[PDB]
Amino acid sequence: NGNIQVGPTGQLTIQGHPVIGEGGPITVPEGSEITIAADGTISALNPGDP
Amino acid sequence: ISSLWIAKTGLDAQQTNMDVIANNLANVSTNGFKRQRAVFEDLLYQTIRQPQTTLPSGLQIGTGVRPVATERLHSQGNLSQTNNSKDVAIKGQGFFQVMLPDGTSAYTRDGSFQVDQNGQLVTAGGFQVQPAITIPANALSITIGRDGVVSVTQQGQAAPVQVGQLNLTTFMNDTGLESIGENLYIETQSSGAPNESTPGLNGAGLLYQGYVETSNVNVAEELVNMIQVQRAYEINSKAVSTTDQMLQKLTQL
Amino acid sequence: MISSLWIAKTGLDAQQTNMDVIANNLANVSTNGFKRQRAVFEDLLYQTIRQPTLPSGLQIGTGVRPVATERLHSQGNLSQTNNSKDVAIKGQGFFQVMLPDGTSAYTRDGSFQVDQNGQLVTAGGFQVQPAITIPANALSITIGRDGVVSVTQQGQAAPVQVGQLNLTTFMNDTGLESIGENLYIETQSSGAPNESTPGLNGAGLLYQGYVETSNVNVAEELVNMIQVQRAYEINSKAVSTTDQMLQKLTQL
Amino acid sequence: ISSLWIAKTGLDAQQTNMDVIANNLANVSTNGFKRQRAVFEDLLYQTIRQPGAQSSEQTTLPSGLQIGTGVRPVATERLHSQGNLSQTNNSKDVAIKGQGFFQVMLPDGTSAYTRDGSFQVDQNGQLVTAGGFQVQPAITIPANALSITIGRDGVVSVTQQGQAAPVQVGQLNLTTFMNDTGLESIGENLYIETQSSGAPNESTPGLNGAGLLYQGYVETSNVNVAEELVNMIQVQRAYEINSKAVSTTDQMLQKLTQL
């Protein structure tokens with residue numbers, strides 16, 4: 001079920017369960033425009049940042 | 001009798017799906033509106049019996065489905081020109097802040113503002129915009145730039161006089177805002193504490209004067225989803241009918 | 001009871017009111033001193049379903065509701081009527097007339113006439129409040145940028161000034177209550193009117209022999225009609241599929 | 001069995017709702033017609049046993065049996081809003097703005113009040129409504145009348161052959177009520193006073209809350225067909241559901257009596 005959600009503090013939570021990747025389950029910045037690559041890489045762009 | 005409850009849950013899930021679809025369709029021409037989609041999930045599974053090459057011979061009965069959440073797509077809608085001098089549209093993220101009569105504060109997205117009798121700028125409905133922008137009388141024109149600065153010119157003035165700034169707030173997780181009626185949202189624990197900033201800085205949006213943000217509702221998606229909802233409802237009713245036939249035959253004999 | 005029918009009903013009502021205001025705007029496009037209207041909609045209350053730091057909550061909408069209608073108090077174009085007693089306001093302001101009952105009303109459509117007693121009235125019989133009186137044997141009537149109205153007479157060189165056309169201004173133009181015959185009456189939303197001579201305190205100027213037209217953009221109205229027609233049809237389809245679903249359910 | 005009675009009450013309520021919807025739809029072309037809406041109310045409830053003791057170290061559900069009885073139609077209210085105006089170019093037709101009712105004289109001797117403005121002239125000159133009921137203020141239009149003009153106020157004038165100045169012939173003052181909804185409706189678009197509506201008060205148009213008169217226009221009915229269609233669908237579905245309930249109760253009773 002690839003329906004990921006972001007909490008207030010920036011945790012990728014699927015139905016209340018944090019997603020697990022290599023080297024720690026998951027963590028994202030506060031409000032970045034999340035972009036997920038074709039292989040799994042999660043690109044992050046701080047809003048307002050160039 | 002379990003099948004009856006399972007089919008009842010399925011029918012209720014389809015009913016709520018149709019409800020959100022109808023709500024999306026109804027306010028298709030509401031300024032600054034965001035579509036919603038409902039997500040369902042499975043219930044608990046009863047493990048009746050634990051499990052050369054044959055089938056595992058294990059039993060695991062499901063229970064049904066319930067609606068879990070309704071997510072709003074905080075995307076960017078198209079901009080339509082109203083030619084008014086006091087309509088603003090947001091390019092990017094951010095919410096205007098208004099003061100509720102009881103005392104707390106709410107946050108909105110659409111821009112359609114009027115001027116009260118005392119002169120302050122309020123929304124359509126009488127609620128006051130929080131930074132308290134006051135527009136004096138004998139105002140020849142009003143200008144709201146891409147920044148938060150709002151200026152008014154007067155008779156025989158070489159340069160305009162600034163009469164305030166429209167700072168706007170942002171949230172860490174804008175999906176978690178609880179949406180009370182009347183095109184308003186309130187801060188909840190799911191969303192972060194709001195942080196205010198001038199437009200164009202700290203990740204906020206930009207202000208376009210004379211335009212309004214239309215709803216981002218895709219009608220074709222709604223129609224296809226509606227067809228699927230009707231067909232699934234008709235399929236699920238067949239389960240109830242067949243279970244009724246089984247029970248009637250059992251009671252008869 | 002069915003949940004989705006009463007939502008599509010509200011949607012249909014909203015689209016109907018939208019079409020109503022569009023038709024009203026289109027109908028009086030040739031009237032003078034008219035301001036177009038826009039209706040603003042909003043959704044109704046939301047019902048929250050309670051579950052046993054959730055990323056989001058379960059909430060269900062109820063429909064849409066028209067909350068208000070505003071008027072764009074911009075400046076329309078001018079048409080030259082070649083008359084000598086028609087005034088067009090350049091800027092912002094409102095002429096004050098007196099209703100027969102005794103109250104005061106405020107208008108913008110300037111096309112005036114002279115009654116049998118010689119005064120200045122608007123088309124309809126209502127007289128202008130400052131009570132301009134033009135005597136008989138009037139060679140010509142001139143109204144300048146200011147409110148001064150002068151009348152020339154035979155055998156005299158110096159024109160005789162008869163009155164001044166003070167116009168009133170409001171804190172909030174959009175708050176004025178509209179009645180028939182292009183007349184507005186003050187409310188609490190619009191501040192108390194203040195008199196002003198033309199060209200002062202932000203009040204507009206006066207042009208004689210010109211009439212202000214309506215600020216209606218027909219090109220926008222046609223596309224709005226297309227949109228409201230399509231939305232009405234889609235909501236109708238939603239009603240129809242709800243009916244089909246309920247009919248399938250009830251024949252069980 | 002009480003279930004049949006409850007379902008019968010529900011079916012009757014749905015039938016009455018469909019009746020009022022059909023009545024609203026039928027006279028959608030009637031001039032000065034105010035649409036109706038039926039409001040119901042549930043009957044009493046029989047408490048077989050009162051709730052016992054609870055919330056004592058337990059989270060048990062309250063064990064209280066309170067059976068319903070059904071539903072009855074409690075009222076039918078009309079919405080005295082303002083309808084749209086249609087042009088007829090007939091100089092003897094008056095449309096009314098705001099609130100008010102023209103007062104007509106019923107043949108028996110009493111008086112009724114109406115909104116339908118479309119008047120004609122009898123052989124004697126008196127102004128009557130479509131149906132012969134004379135207007136109570138008794139406006140008489142003389143012969144050889146070039147044209148009849150009724151202003152925004154209630155004054156009615158007629159220009160003669162030679163005289164330049166029009167001659168006043170009467171005033172069409174109109175009545176107002178404290179509660180317009182409580183008027184008792186009869187045929188021919190007539191309302192009669194009741195105890196629910198206060199005593200009528202007559203006044204000239206434009207004063208004391210009275211309306212204004214437009215000559216040559218007719219007020220249209222304030223019926224919204226979009227509401228009516230969805231109401232029809234809803235009442236049909238509710239009727240079908242109640243019929244299903246009746247069928248199920250009948251089947252279970254028939255199963256019982258086969259014992």
# chains A, B, ... in the order shown; residues from 1 in each chain; ligands from 1
call {"tool": "residues_around", "arguments": {"residues": "residue 152 in chain B", "least_positions_apart": "5", "cutoff": "12 Å", "atoms": "only C-alpha atoms", "output": "VMD selection string"}}
result
chain B and resid 85 to 86 133 to 145 157 to 165
call {"tool": "residues_around", "arguments": {"residues": "residue 140 in chain C", "least_positions_apart": "6", "cutoff": "9 Å", "atoms": "only C-alpha atoms", "output": "ChimeraX atom specification"}}
result
/C:84,150-153
call {"tool": "residues_around", "arguments": {"residues": "range 204-214 of chain B", "least_positions_apart": "4", "cutoff": "9 Å", "atoms": "only C-alpha atoms", "output": "MDAnalysis selection string"}}
result
(chainID A and resid 47:48) or (chainID B and resid 28:33 76:95 109:112 143:148 168:170 196:200)
call {"tool": "closest_residue", "arguments": {"among": "C:162, C:176, C:114, C:67", "to": "chain B", "atoms": "only C-alpha atoms"}}
result
C:67
call {"tool": "atom_distance", "arguments": {"atom1": "CA of residue 47 in chain D", "atom2": "CA of residue 3 in chain D"}}
result
16.3 Å
call {"tool": "interface_residues", "arguments": {"of": "chain D", "to": "chain C", "cutoff": "10 Å", "atoms": "only C-alpha atoms", "output": "VMD selection string"}}
result
chain D and resid 153 206 to 207 224 226 to 227 229 to 231 233 to 238 240 to 244
call {"tool": "write_last_selection", "arguments": {"atoms": "N, CA, C and O atoms", "output": "short mmCIF file (atom, residue, chain, number, x, y, z; two decimals), in the first residue's frame"}}
result
data_model
loop_
_atom_site.label_atom_id
_atom_site.label_comp_id
_atom_site.auth_asym_id
_atom_site.auth_seq_id
_atom_site.Cartn_x
_atom_site.Cartn_y
_atom_site.Cartn_z
N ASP D 153 -47.24 54.36 -5.77
CA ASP D 153 -48.16 54.43 -4.64
C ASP D 153 -49.52 53.90 -5.10
O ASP D 153 -49.71 53.56 -6.27
N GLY D 206 -46.08 51.59 0.30
CA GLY D 206 -44.84 52.28 0.57
C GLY D 206 -44.67 52.80 1.98
O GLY D 206 -43.60 53.33 2.30
N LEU D 207 -45.68 52.66 2.83
CA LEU D 207 -45.62 53.15 4.20
C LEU D 207 -46.01 52.03 5.15
O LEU D 207 -46.77 51.13 4.81
N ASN D 224 -39.34 26.07 -6.94
CA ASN D 224 -38.03 25.64 -7.41
C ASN D 224 -38.13 24.16 -7.77
O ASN D 224 -38.22 23.30 -6.89
N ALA D 226 -35.97 22.10 -9.00
CA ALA D 226 -34.84 21.27 -8.60
C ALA D 226 -35.07 20.65 -7.23
O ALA D 226 -34.75 19.48 -7.01
N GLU D 227 -35.63 21.42 -6.30
CA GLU D 227 -36.02 20.86 -5.01
C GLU D 227 -37.07 19.77 -5.19
O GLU D 227 -37.01 18.72 -4.54
N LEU D 229 -37.85 17.73 -7.71
CA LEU D 229 -37.44 16.45 -8.28
C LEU D 229 -36.71 15.59 -7.26
O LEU D 229 -36.99 14.39 -7.13
N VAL D 230 -35.78 16.18 -6.52
CA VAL D 230 -35.04 15.42 -5.52
C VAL D 230 -35.96 14.99 -4.39
O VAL D 230 -35.82 13.88 -3.85
N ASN D 231 -36.92 15.84 -4.01
CA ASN D 231 -37.89 15.43 -3.00
C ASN D 231 -38.72 14.25 -3.49
O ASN D 231 -39.03 13.34 -2.72
N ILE D 233 -37.75 11.93 -5.62
CA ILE D 233 -36.89 10.74 -5.56
C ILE D 233 -36.80 10.23 -4.12
O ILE D 233 -36.93 9.03 -3.86
N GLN D 234 -36.60 11.15 -3.18
CA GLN D 234 -36.45 10.76 -1.78
C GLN D 234 -37.71 10.11 -1.24
O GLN D 234 -37.65 9.08 -0.57
N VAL D 235 -38.88 10.69 -1.54
CA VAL D 235 -40.12 10.14 -1.01
C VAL D 235 -40.42 8.79 -1.66
O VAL D 235 -40.93 7.88 -1.01
N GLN D 236 -40.10 8.64 -2.95
CA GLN D 236 -40.30 7.35 -3.60
C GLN D 236 -39.45 6.27 -2.95
O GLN D 236 -39.92 5.16 -2.66
N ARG D 237 -38.17 6.58 -2.69
CA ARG D 237 -37.30 5.59 -2.07
C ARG D 237 -37.75 5.25 -0.66
O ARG D 237 -37.72 4.08 -0.25
N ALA D 238 -38.17 6.26 0.11
CA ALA D 238 -38.66 6.00 1.46
C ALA D 238 -39.91 5.14 1.43
O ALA D 238 -40.08 4.24 2.27
N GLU D 240 -40.67 2.93 -0.85
CA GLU D 240 -40.24 1.58 -1.17
C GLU D 240 -39.66 0.88 0.05
O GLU D 240 -39.93 -0.31 0.29
N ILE D 241 -38.86 1.60 0.85
CA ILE D 241 -38.27 1.01 2.05
C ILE D 241 -39.36 0.59 3.03
O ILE D 241 -39.31 -0.51 3.61
N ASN D 242 -40.34 1.46 3.25
CA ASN D 242 -41.42 1.13 4.18
C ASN D 242 -42.24 -0.05 3.68
O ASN D 242 -42.67 -0.90 4.47
N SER D 243 -42.47 -0.12 2.36
CA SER D 243 -43.15 -1.28 1.81
C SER D 243 -42.36 -2.56 2.05
O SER D 243 -42.94 -3.61 2.36
N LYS D 244 -41.03 -2.49 1.93
CA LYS D 244 -40.20 -3.65 2.24
C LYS D 244 -40.35 -4.06 3.70
O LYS D 244 -40.40 -5.25 4.02
#
call {"tool": "interface_residues", "arguments": {"of": "chain C", "to": "chain B", "cutoff": "8 Å", "atoms": "only C-alpha atoms", "output": "CSV table (one decimal) with C-alpha atoms, in the first residue's frame"}}
result
chain,number,residue,atom,x,y,z
C,3,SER,CA,-26.5,11.1,2.3
C,4,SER,CA,-25.4,12.0,-1.2
C,7,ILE,CA,-25.3,17.3,-1.2
C,8,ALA,CA,-26.1,17.3,-4.9
C,10,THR,CA,-27.1,22.0,-2.5
C,11,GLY,CA,-24.7,21.9,-5.5
C,12,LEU,CA,-27.7,22.3,-7.9
C,40,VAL,CA,-19.3,33.8,-3.6
C,41,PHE,CA,-19.9,30.3,-2.4
C,42,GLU,CA,-18.7,28.3,0.6
C,43,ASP,CA,-19.2,24.8,1.9
C,44,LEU,CA,-21.4,23.8,4.8
C,45,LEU,CA,-20.4,22.2,8.2
C,46,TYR,CA,-18.3,19.0,8.2
C,53,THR,CA,-1.4,11.8,16.8
C,54,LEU,CA,-3.2,10.7,13.7
C,55,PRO,CA,-1.8,12.1,10.4
C,56,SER,CA,-5.3,13.2,9.5
C,57,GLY,CA,-8.9,12.7,10.7
C,58,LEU,CA,-12.0,11.3,9.0
C,59,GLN,CA,-14.3,14.2,8.0
C,60,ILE,CA,-17.3,14.2,5.7
C,61,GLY,CA,-18.6,17.3,3.9
C,62,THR,CA,-22.2,18.4,3.5
C,63,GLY,CA,-22.5,20.6,0.4
C,64,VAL,CA,-22.0,24.2,-0.7
C,67,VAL,CA,-22.7,33.2,1.3
C,68,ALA,CA,-22.7,36.7,-0.3
C,72,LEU,CA,-17.5,45.7,-8.6
C,74,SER,CA,-15.2,50.2,-10.8
C,170,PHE,CA,-19.2,56.3,1.7
C,171,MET,CA,-16.6,54.3,3.7
C,172,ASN,CA,-17.9,51.1,2.1
C,174,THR,CA,-20.3,47.6,-1.6
C,188,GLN,CA,-24.8,49.6,8.9
C,189,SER,CA,-22.2,47.9,6.7
C,190,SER,CA,-21.8,51.2,4.7
C,191,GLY,CA,-20.7,54.1,6.9
C,200,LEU,CA,-12.5,67.4,-3.2
C,201,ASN,CA,-12.0,64.8,-0.4
C,202,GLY,CA,-11.8,62.1,-3.0
C,203,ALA,CA,-15.1,62.7,-4.7
C,231,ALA,CA,-21.6,21.7,-13.5
C,234,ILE,CA,-22.6,16.8,-13.7
C,235,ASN,CA,-24.6,17.2,-10.4
C,238,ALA,CA,-24.6,12.4,-9.5
C,241,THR,CA,-26.4,7.5,-10.1
C,242,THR,CA,-27.4,7.9,-6.4
C,244,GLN,CA,-29.8,4.0,-9.3
C,245,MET,CA,-27.7,2.8,-6.4
C,248,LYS,CA,-30.8,-1.3,-6.5
C,249,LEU,CA,-30.5,-1.5,-2.8
C,252,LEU,CA,-33.3,-6.5,-2.2
call {"tool": "closest_atom_pairs", "arguments": {"of": "chain A", "to": "chain B", "cutoff": "12 Å", "atoms": "only C-alpha atoms", "output": "JSON lines"}}
result
{"residue": "A:1", "atom": "CA", "partner": "B:41", "partner_atom": "CA", "distance": 9.7}
{"residue": "A:2", "atom": "CA", "partner": "B:39", "partner_atom": "CA", "distance": 11.6}
{"residue": "A:3", "atom": "CA", "partner": "B:39", "partner_atom": "CA", "distance": 8.9}
{"residue": "A:4", "atom": "CA", "partner": "B:71", "partner_atom": "CA", "distance": 11.1}
{"residue": "A:5", "atom": "CA", "partner": "B:175", "partner_atom": "CA", "distance": 9.1}
{"residue": "A:6", "atom": "CA", "partner": "B:173", "partner_atom": "CA", "distance": 6.9}
{"residue": "A:7", "atom": "CA", "partner": "B:173", "partner_atom": "CA", "distance": 6.5}
{"residue": "A:8", "atom": "CA", "partner": "B:192", "partner_atom": "CA", "distance": 5.1}
{"residue": "A:9", "atom": "CA", "partner": "B:192", "partner_atom": "CA", "distance": 7.4}
{"residue": "A:10", "atom": "CA", "partner": "B:172", "partner_atom": "CA", "distance": 8.0}
{"residue": "A:11", "atom": "CA", "partner": "B:173", "partner_atom": "CA", "distance": 10.6}
{"residue": "A:12", "atom": "CA", "partner": "B:173", "partner_atom": "CA", "distance": 11.6}
{"residue": "A:14", "atom": "CA", "partner": "B:41", "partner_atom": "CA", "distance": 11.3}
{"residue": "A:15", "atom": "CA", "partner": "B:68", "partner_atom": "CA", "distance": 8.5}
{"residue": "A:16", "atom": "CA", "partner": "B:68", "partner_atom": "CA", "distance": 11.0}
{"residue": "A:28", "atom": "CA", "partner": "B:172", "partner_atom": "CA", "distance": 11.5}
{"residue": "A:29", "atom": "CA", "partner": "B:172", "partner_atom": "CA", "distance": 9.5}
{"residue": "A:30", "atom": "CA", "partner": "B:172", "partner_atom": "CA", "distance": 5.9}
{"residue": "A:31", "atom": "CA", "partner": "B:172", "partner_atom": "CA", "distance": 5.5}
{"residue": "A:32", "atom": "CA", "partner": "B:172", "partner_atom": "CA", "distance": 9.3}
{"residue": "A:33", "atom": "CA", "partner": "B:203", "partner_atom": "CA", "distance": 10.9}
{"residue": "A:45", "atom": "CA", "partner": "B:203", "partner_atom": "CA", "distance": 10.9}
{"residue": "A:46", "atom": "CA", "partner": "B:203", "partner_atom": "CA", "distance": 7.9}
{"residue": "A:47", "atom": "CA", "partner": "B:203", "partner_atom": "CA", "distance": 4.8}
{"residue": "A:48", "atom": "CA", "partner": "B:203", "partner_atom": "CA", "distance": 4.0}
{"residue": "A:49", "atom": "CA", "partner": "B:203", "partner_atom": "CA", "distance": 7.5}
{"residue": "A:50", "atom": "CA", "partner": "B:203", "partner_atom": "CA", "distance": 10.5}
call {"tool": "atom_distance", "arguments": {"atom1": "CA of residue 44 in chain B", "atom2": "CA of residue 62 in chain D"}}
result
27.6 Å
call {"tool": "residues_around", "arguments": {"residues": "residue 158 in chain D", "least_positions_apart": "5", "cutoff": "10 Å", "atoms": "only C-alpha atoms", "output": "list in words"}}
result
residues 141, 142, 144, 145, 146, 147, 148, 149, 150, 165, 166, 167, 168 and 169 of chain D
call {"tool": "write_last_selection", "arguments": {"atoms": "C-alpha atoms", "output": "short mmCIF file (atom, residue, chain, number, x, y, z; two decimals), in the first residue's frame"}}
result
data_model
loop_
_atom_site.label_atom_id
_atom_site.label_comp_id
_atom_site.auth_asym_id
_atom_site.auth_seq_id
_atom_site.Cartn_x
_atom_site.Cartn_y
_atom_site.Cartn_z
CA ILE D 141 -63.11 53.64 -13.52
CA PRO D 142 -65.44 55.95 -15.50
CA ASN D 144 -64.56 57.01 -22.08
CA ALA D 145 -61.31 56.38 -20.21
CA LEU D 146 -58.34 56.90 -22.52
CA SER D 147 -55.89 55.05 -20.27
CA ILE D 148 -55.60 53.97 -16.63
CA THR D 149 -52.33 54.64 -14.80
CA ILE D 150 -51.50 53.27 -11.35
CA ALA D 165 -54.49 67.06 -15.89
CA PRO D 166 -55.35 63.46 -14.92
CA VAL D 167 -58.25 63.02 -12.52
CA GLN D 168 -57.73 60.90 -9.41
CA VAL D 169 -60.37 58.21 -8.97
#
call {"tool": "residues_around", "arguments": {"residues": "residue 69 in chain D", "least_positions_apart": "4", "cutoff": "8 Å", "atoms": "only C-alpha atoms", "output": "PyMOL selection string"}}
result
chain D and resi 2+6+42-46
call {"tool": "write_last_selection", "arguments": {"atoms": "N, CA, C and O atoms", "output": "compact mmCIF listing (two decimals), in the first residue's frame"}}
result
# COMPACT_ATOMS: atom_id res chain seq x y z
N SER D 2 -48.01 -3.93 16.37
CA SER D 2 -47.72 -2.50 16.30
C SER D 2 -46.87 -2.15 15.08
O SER D 2 -46.94 -1.02 14.59
N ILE D 6 -47.11 1.18 12.66
CA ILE D 6 -46.02 2.13 12.48
C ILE D 6 -45.72 2.31 11.00
O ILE D 6 -45.56 3.43 10.50
N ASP D 42 -42.65 13.09 15.26
CA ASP D 42 -42.82 11.74 15.77
C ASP D 42 -43.86 11.70 16.88
O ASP D 42 -44.12 12.69 17.56
N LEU D 43 -44.46 10.53 17.05
CA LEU D 43 -45.50 10.33 18.05
C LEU D 43 -44.86 10.05 19.41
O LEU D 43 -43.66 10.22 19.60
N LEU D 44 -45.67 9.62 20.38
CA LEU D 44 -45.17 9.35 21.71
C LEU D 44 -44.36 8.05 21.73
O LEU D 44 -44.32 7.29 20.76
N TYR D 45 -43.69 7.81 22.85
CA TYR D 45 -42.87 6.62 23.05
C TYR D 45 -43.34 5.91 24.31
O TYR D 45 -43.60 6.55 25.33
N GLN D 46 -43.45 4.59 24.24
CA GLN D 46 -43.84 3.77 25.38
C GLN D 46 -42.59 3.25 26.07
O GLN D 46 -41.79 2.55 25.45
call {"tool": "interface_residues", "arguments": {"of": "chain B", "to": "chain D", "cutoff": "12 Å", "atoms": "only C-alpha atoms", "output": "list in words"}}
result
residues 248, 251 and 252 of chain B
call {"tool": "residues_around", "arguments": {"residues": "residue 118 in chain C", "least_positions_apart": "6", "cutoff": "12 Å", "atoms": "only C-alpha atoms", "output": "list in words"}}
result
residues 127, 131, 132, 133, 134, 135, 136, 137, 138 and 162 of chain C
call {"tool": "write_last_selection", "arguments": {"atoms": "N, CA, C and O atoms", "output": "mmCIF file, in the first residue's frame"}}
result
data_model
loop_
_atom_site.group_PDB
_atom_site.id
_atom_site.type_symbol
_atom_site.label_atom_id
_atom_site.label_comp_id
_atom_site.auth_asym_id
_atom_site.auth_seq_id
_atom_site.Cartn_x
_atom_site.Cartn_y
_atom_site.Cartn_z
ATOM 1 N N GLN C 127 -36.728 64.076 -6.866
ATOM 2 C CA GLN C 127 -35.983 65.318 -6.982
ATOM 3 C C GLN C 127 -34.621 65.188 -6.315
ATOM 4 O O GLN C 127 -34.446 64.424 -5.362
ATOM 5 N N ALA C 131 -31.839 70.515 -4.307
ATOM 6 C CA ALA C 131 -32.974 71.266 -4.845
ATOM 7 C C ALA C 131 -32.520 72.374 -5.799
ATOM 8 O O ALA C 131 -32.668 73.567 -5.531
ATOM 9 N N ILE C 132 -31.958 71.951 -6.929
ATOM 10 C CA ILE C 132 -31.599 72.891 -7.981
ATOM 11 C C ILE C 132 -32.866 73.378 -8.666
ATOM 12 O O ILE C 132 -33.673 72.578 -9.152
ATOM 13 N N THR C 133 -33.047 74.693 -8.713
ATOM 14 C CA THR C 133 -34.197 75.300 -9.372
ATOM 15 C C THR C 133 -33.715 76.104 -10.571
ATOM 16 O O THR C 133 -32.932 77.047 -10.415
ATOM 17 N N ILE C 134 -34.188 75.737 -11.755
ATOM 18 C CA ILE C 134 -33.843 76.410 -13.000
ATOM 19 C C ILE C 134 -35.063 77.210 -13.447
ATOM 20 O O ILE C 134 -36.114 76.622 -13.736
ATOM 21 N N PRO C 135 -34.981 78.535 -13.511
ATOM 22 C CA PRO C 135 -36.141 79.323 -13.932
ATOM 23 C C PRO C 135 -36.420 79.151 -15.416
ATOM 24 O O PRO C 135 -35.570 78.712 -16.193
ATOM 25 N N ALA C 136 -37.645 79.498 -15.801
ATOM 26 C CA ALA C 136 -38.004 79.509 -17.208
ATOM 27 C C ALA C 136 -37.195 80.573 -17.945
ATOM 28 O O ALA C 136 -36.490 81.387 -17.342
ATOM 29 N N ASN C 137 -37.311 80.562 -19.272
ATOM 30 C CA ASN C 137 -36.521 81.437 -20.137
ATOM 31 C C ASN C 137 -35.028 81.179 -19.922
ATOM 32 O O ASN C 137 -34.252 82.064 -19.556
ATOM 33 N N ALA C 138 -34.642 79.929 -20.148
ATOM 34 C CA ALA C 138 -33.275 79.470 -19.955
ATOM 35 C C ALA C 138 -32.660 79.189 -21.316
ATOM 36 O O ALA C 138 -33.102 78.277 -22.021
ATOM 37 N N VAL C 162 -27.274 78.986 -10.168
ATOM 38 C CA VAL C 162 -28.486 78.638 -9.441
ATOM 39 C C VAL C 162 -28.256 77.624 -8.330
ATOM 40 O O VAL C 162 -29.050 77.589 -7.377
#
call {"tool": "select_by_dssp", "arguments": {"residues": "range 5-251 of chain B", "states": "alpha helix (DSSP H)", "output": "PyMOL selection string"}}
result
chain B and resi 5-26+219-251
call {"tool": "residues_around", "arguments": {"residues": "residue 186 in chain C", "least_positions_apart": "6", "cutoff": "10 Å", "atoms": "only C-alpha atoms", "output": "ChimeraX atom specification"}}
result
/C:104-106,170,172-173,175-178,192-193
call {"tool": "closest_residue", "arguments": {"among": "D:185, D:179, D:258, D:76", "to": "residue 36 in chain D", "atoms": "only C-alpha atoms"}}
result
D:76
call {"tool": "decode", "arguments": {"residues": "range 129-159 of chain C", "atoms": "C-alpha atoms", "output": "PDB file, in the first residue's frame"}}
result
ATOM      1  CA  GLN C 129     -31.795  66.798  -2.582  1.00  0.00           C
ATOM      2  CA  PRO C 130     -29.876  70.132  -2.910  1.00  0.00           C
ATOM      3  CA  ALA C 131     -32.974  71.266  -4.845  1.00  0.00           C
ATOM      4  CA  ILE C 132     -31.599  72.891  -7.981  1.00  0.00           C
ATOM      5  CA  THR C 133     -34.197  75.300  -9.372  1.00  0.00           C
ATOM      6  CA  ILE C 134     -33.843  76.410 -13.000  1.00  0.00           C
ATOM      7  CA  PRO C 135     -36.141  79.323 -13.932  1.00  0.00           C
ATOM      8  CA  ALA C 136     -38.004  79.509 -17.208  1.00  0.00           C
ATOM      9  CA  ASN C 137     -36.521  81.437 -20.137  1.00  0.00           C
ATOM     10  CA  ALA C 138     -33.275  79.470 -19.955  1.00  0.00           C
ATOM     11  CA  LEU C 139     -31.003  79.768 -22.976  1.00  0.00           C
ATOM     12  CA  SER C 140     -28.540  77.091 -21.863  1.00  0.00           C
ATOM     13  CA  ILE C 141     -27.537  75.050 -18.818  1.00  0.00           C
ATOM     14  CA  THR C 142     -23.862  74.468 -18.034  1.00  0.00           C
ATOM     15  CA  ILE C 143     -22.414  72.152 -15.387  1.00  0.00           C
ATOM     16  CA  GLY C 144     -18.670  72.401 -14.854  1.00  0.00           C
ATOM     17  CA  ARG C 145     -16.160  70.186 -13.109  1.00  0.00           C
ATOM     18  CA  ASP C 146     -17.366  71.545  -9.766  1.00  0.00           C
ATOM     19  CA  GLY C 147     -20.975  71.256  -8.687  1.00  0.00           C
ATOM     20  CA  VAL C 148     -21.905  74.727  -9.931  1.00  0.00           C
ATOM     21  CA  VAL C 149     -24.807  74.702 -12.385  1.00  0.00           C
ATOM     22  CA  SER C 150     -25.290  77.937 -14.318  1.00  0.00           C
ATOM     23  CA  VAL C 151     -28.076  79.095 -16.628  1.00  0.00           C
ATOM     24  CA  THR C 152     -27.712  81.703 -19.373  1.00  0.00           C
ATOM     25  CA  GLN C 153     -30.529  84.153 -20.088  1.00  0.00           C
ATOM     26  CA  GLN C 154     -31.419  86.402 -22.996  1.00  0.00           C
ATOM     27  CA  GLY C 155     -30.161  89.968 -22.805  1.00  0.00           C
ATOM     28  CA  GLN C 156     -27.587  89.294 -20.068  1.00  0.00           C
ATOM     29  CA  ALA C 157     -23.856  88.655 -20.360  1.00  0.00           C
ATOM     30  CA  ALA C 158     -23.012  87.276 -16.917  1.00  0.00           C
ATOM     31  CA  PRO C 159     -24.567  83.832 -16.358  1.00  0.00           C
TER      32      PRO C 159
END
